[PDB]
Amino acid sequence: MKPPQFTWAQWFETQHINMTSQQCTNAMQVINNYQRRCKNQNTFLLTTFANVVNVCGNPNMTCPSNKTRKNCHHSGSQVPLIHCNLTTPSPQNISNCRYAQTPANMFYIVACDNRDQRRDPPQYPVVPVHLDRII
């Protein structure tokens, strides 16, 4: 879920682009401290935010995770990524959660929307908001 100081695009960047350590246990502390729980799994794409914005310009397709949405876009090329999986869940001390890390080279599908009018920078009228699938 999204903390209130984020737009959807800023939250996408925080969860899926800004991997603050190459180790999942460390990188996941940021997400988990913002969500107040240990997220069970999460992908970080080793690409730039601008590259994702350009994927939002690729043809629209149906989102595989929800057949009623048509705001998804295929990456066209594969990228390197790291997928983090929770190995150790620490209910009453989220900083003690630990993760496994899996490196891969995969395509991705992102949902994009119009930016948040009040809070997102006008530089990018169209922004990624959800990571629908890795393939």
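Numbers follow the displayed sequence, beginning with 1.
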Residue range whose averaged C-alpha B-factor is higher in the record, 103 to 111 or 61 to 69
61 to 69
Out of 90 to 98 and 48 to 56, which one has CA B-factors that are higher on average in the deposited record?
90 to 98
At the C-alpha atoms, which of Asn26, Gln78, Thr43, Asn32 reaches the highest B-factor in this entry?
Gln78
By its CA B factor, does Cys84 count among the lowest, middle or highest third of the modelled residues in the chain?
lowest
B-factor third for the C-alpha atom of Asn18 within its chain:
middle
